[PDB]
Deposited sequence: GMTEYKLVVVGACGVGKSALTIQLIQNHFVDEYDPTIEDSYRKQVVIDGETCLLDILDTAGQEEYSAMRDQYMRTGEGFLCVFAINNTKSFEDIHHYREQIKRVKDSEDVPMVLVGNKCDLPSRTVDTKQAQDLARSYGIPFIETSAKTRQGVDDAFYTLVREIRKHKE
């Protein structure tokens, strides 16, 4: 039937993995609560179904082996979350057993004023991995559709 793309949101705890996913599926912003979500979207004329796989703390290859594309998310107010991207990127290539895994670098919480990671820092890392970089904010919905839709276009090109 219609193509179904399996997406996985990886990143440190509290960067915005859940809020970005909830903002995409339900148009809702989450502050504090405690999964798997599906949604039908239209990208570049074709209609498809998005299956999002949000990640928590320790538990993991079975979660990543099913993911076709991966979102590596960090928060601009958290300096540590940026250096964690290397380990996440390092594990994606191992579990998927490939170096050209479709992924997008996402810098969340661009709404916040206190910028601890300048813009010129994350994009050069995305150039190192050869992947796009998109500033997002789960509060203002800025770039939320962009990050997920771009990840789908990466998956459609590798075929």
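Not built in the structure, per the record, are deposited positions 35-38, 64-68, 169.
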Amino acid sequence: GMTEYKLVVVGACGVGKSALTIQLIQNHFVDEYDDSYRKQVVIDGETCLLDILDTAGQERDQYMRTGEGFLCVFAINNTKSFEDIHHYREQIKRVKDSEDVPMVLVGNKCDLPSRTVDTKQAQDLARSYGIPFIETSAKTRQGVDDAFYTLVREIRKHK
From here on, numbers count along this sequence of modelled residues.
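Taking the PDB entry as given, 113-121 carries the higher mean Cα B factor of the two stretches 113-121 and 39-47. Note on 126-134 vs 50-58: mean CA B-factor is higher in 50-58. Among the modelled residues of the chain, residue 65 sits in the highest third by CA temperature factor in this PDB entry. Compared with the other modelled residues of the chain, the Cα B-factor recorded for residue 6 ranks in the middle third. In the PDB entry, a CA B factor belonging to the middle third of its chain's modelled residues is recorded for residue 30. Sort the chain's modelled residues by C-alpha temperature factor and residue 95 lands in the highest third, per the entry.
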